[PDB]
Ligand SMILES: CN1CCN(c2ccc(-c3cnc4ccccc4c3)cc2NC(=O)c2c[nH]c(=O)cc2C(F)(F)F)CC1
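First, one chain by itself: the form solved without the ligand, in structure tokens.
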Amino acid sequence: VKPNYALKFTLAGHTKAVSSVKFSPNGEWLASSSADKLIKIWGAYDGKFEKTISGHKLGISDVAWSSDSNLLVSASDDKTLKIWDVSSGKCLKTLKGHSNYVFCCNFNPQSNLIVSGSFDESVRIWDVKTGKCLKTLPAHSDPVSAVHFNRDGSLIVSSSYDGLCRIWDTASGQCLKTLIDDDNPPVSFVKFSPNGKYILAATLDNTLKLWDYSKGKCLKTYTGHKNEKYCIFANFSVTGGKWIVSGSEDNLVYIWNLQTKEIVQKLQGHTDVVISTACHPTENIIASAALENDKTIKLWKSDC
């Protein structure tokens, strides 16, 4: 069994490299962010452009949705995050405190907190309602590439170019676990697995690894794509077959069998690095986005 993702729509509009794509939790929308300082909202099923959201003063590296799909948070090189009302496009709050580019962000499942990571090497936890910074974690000794909450919000995982992944207790701010090897290439992405027991980490040795972080054991590796430079998102695809999905610096989307690690599909069409992919929450749909020779988002659909 292999998926058969086929191209359905190409979405143009951004005027610099795209940086992130995310489907809303209710399945209805895709949000994209770009170095052009904009967020764009698109229909998830037909690619229809819905709106542009503007106000950051420099490029945007990441965007994340609240669980009720009503809010977005964005992380910008202007050293802020912004919380947006998706329906109106209005900026509700500007989150100030990082001292350099904000690279990654996420809401907790409860969506009362936002976590952010920055080039300033810190991880910050923010109150959604007030916009205030609740905690600053001295998390890493180099830029922070990803931050993600687990399924009950009680943990955060962070990754950094310092080579580490760390697990944090949300409520206390304490580091519960550091994952480190004899060799520690930059970690360019991390997230919790669907069941919360694993983390999937990308390193710039062209490799994805699935770790049991409690036991400190690497269960699976996914290779054959190209990733030595950019922070490229990876995903778990849960709607049909159990796949790992990632972009790649050879302009393809790679899809692997979770268990066997075999590459099961490569999606061809983009004309630059595929910096970001997202998997739809209920349908077998992938969104992919590329850097500045391309500047487009593609929507792909599969039977499994």
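Position 1 is the first residue in the sequence shown; the rest follow in order.
There is also a form deposited with the ligand bound; it is not shown, and the following applies to it.
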Looking in the deposited bound form, any heavy atom of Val264 within 4.5 Å of the ligand? no
Whether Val18 contacts the ligand in the deposited bound form should be assessed with a 4.5 Å heavy atom distance threshold; does it? yes
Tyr161, heavy atom within 4.5 angstroms of the ligand in the deposited bound form: yes
I'd like to know whether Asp127 contacts the ligand in the deposited bound form, with contact meaning heavy atoms within 4.5 angstroms. no
Thinking of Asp62, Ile275 and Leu291 as the candidate spot, does the ligand come within 4.5 Å of a heavy atom on all of them in the deposited bound form? yes
Heavy atoms within 4.5 Å of the ligand in the deposited bound form: which of the stretches 128 to 136, 230 to 238, 90 to 98, 168 to 176 has them? 230 to 238
Which residue among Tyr213, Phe103, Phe107, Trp84 has a heavy atom within 4.5 angstroms of the ligand in the deposited bound form? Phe103
Residues within 4.5 Å of the ligand in the deposited bound form, restricted to 125 to 158 and counted by heavy atom: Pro143, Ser145
